[PDB]
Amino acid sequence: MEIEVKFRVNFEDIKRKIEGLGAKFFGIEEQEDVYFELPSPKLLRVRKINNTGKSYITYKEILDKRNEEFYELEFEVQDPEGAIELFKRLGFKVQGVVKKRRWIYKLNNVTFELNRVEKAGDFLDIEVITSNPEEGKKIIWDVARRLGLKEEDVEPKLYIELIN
């Protein structure tokens, strides 16, 4: 399952720390997500990565109450406009649009997603790949503390809930 913790951060400072850690810079993604309202605790969105030409349909189901564990179903599509039209024609309503510029860094089984989110602010998502959720969260927190982050820095809300 998807395991991740989100932190409210100062972009410049944390970028410097992540790099000082030796994380490998993967790339920047300029994303635009169109969300469709589903019953709790499910999420549905069509994502367009404007600088890479990639588009995806993504479905998520929150598995915990801290918004740290998710089941994710994601696949690439060749027509994001068509995907958005499809969900509207199926009766789904647009929940909102999240636009962000994401800096991706990798360190072993940990992925850092440093996001500059339009109308929300700057956030860092620390993601880990693991078969055991508990061990995964332990890894995320060891990394977080190495970056000088604490529990008070955590942001439980989803990006679609954070945009003003």
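Numbering starts at 1 and runs along the sequence shown.
Relative to one another, 62-70 and 29-37 have unequal mean CA B-factors, and 62-70 is the one with the higher figure.
According to the PDB record, 126-134 carries the higher mean C-alpha B-factor of the two stretches 49-57 and 126-134. Among all modelled residues in its chain, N109 ranks in the middle third by Cα B-factor. Among all modelled residues in its chain, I14 ranks in the middle third by Cα B-factor.
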